[PDB]
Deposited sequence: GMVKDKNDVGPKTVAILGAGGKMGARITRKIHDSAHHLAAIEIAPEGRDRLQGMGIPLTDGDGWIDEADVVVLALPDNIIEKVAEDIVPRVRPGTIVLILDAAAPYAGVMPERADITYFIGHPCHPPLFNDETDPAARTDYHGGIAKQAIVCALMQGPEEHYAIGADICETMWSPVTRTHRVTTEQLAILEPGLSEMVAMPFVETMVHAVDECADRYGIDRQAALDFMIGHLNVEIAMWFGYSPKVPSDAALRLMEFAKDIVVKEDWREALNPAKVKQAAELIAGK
């Protein structure tokens, strides 16, 4: 994939500075779009030229929307009609896309990417990588979808994501719907509530049953290690059935799979993409 001119909107912000550095350092040509004074100082401090005006728009092969979900619709509504035909509009979350709020414009490409984040039970040795739970230092896989546009644009978008989120091990191609099922579905509708419940369970031990919080925490954090490892095949497994049945009946809704149902996922998406 040739070097592309990649414009990043919100380049100097929280969501953008990291990926902007990665593009800056890559062979791809960067256009850092940022109107926040603090973001601009951040870009300047990275030796990145600031942009003024819109001359950039006519130069951008790829436009990355490094902005929060609740403003993606408005920002896209403004930028999508302004780009040249065949421009790749790259979204970093499937919510707005799956919600159906992206502007109608057939002659441009919409590409969605999202990181998996570095895995558990990795063998990273660099301490900076060991404490990298999001990515950009530790290795991670990513997921990508060509929402619309010519097939040849998939490789292009994938390459840009691989640069932004490096080091990337595997790039998994999925459909728009599949990407939405993973996020928000799997990530926010399945994993997140359960993770929060684990914290609250620690709190219950401490608040209601008088257990030292550090004892409950130590117990939980160690058990998550052994249990996740066993259940996901990193370690061998060891009344279990009856016991599991008994427990699920108390803690897990029988129709928990609804959290991954496209209908429910689309509702969630619509809610996120305001």
- Message: Checking coverage: what stretches of the deposited chain sequence are missing C-alpha positions?
- Response: 1 to 8, 247 to 249, 286
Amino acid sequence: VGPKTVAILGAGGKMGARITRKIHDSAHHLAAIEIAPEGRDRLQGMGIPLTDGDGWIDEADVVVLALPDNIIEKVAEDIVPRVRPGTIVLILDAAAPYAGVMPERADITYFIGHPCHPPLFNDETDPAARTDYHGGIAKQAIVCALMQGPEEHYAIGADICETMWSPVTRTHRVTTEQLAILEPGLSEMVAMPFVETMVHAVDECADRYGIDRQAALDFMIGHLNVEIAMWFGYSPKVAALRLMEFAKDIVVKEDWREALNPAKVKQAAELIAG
From here on, numbers count along this sequence of modelled residues.
- Query: Between 93 to 101 and 141 to 149, which has the higher average C-alpha B-factor in the PDB entry?
  - Reply: 93 to 101
- Note on the structure: With B-factors read from the PDB entry, the higher C-alpha mean of 50 to 58 and 244 to 252 is in 50 to 58
- Which one of 221, 229, 63, 30 shows the biggest C-alpha B-factor in the PDB entry? 30
- Query: By the record's CA B-factor, is residue 176 among the lowest, middle or highest third of residues in the chain?
  - Reply: middle
- Message: Please place residue 187 in the lowest, middle or highest third of its chain according to the CA B-factor in the PDB entry.
- Response: highest
- Record-listed C-alpha B factor of residue 211: chain third: lowest
- Tertile call for residue 265 (CA temperature factor, within chain, third-based) is the lowest
- Query: In terms of the CA temperature factor given in the entry, to which third of its chain does residue 257 belong: lowest, middle or highest?
  - Reply: lowest
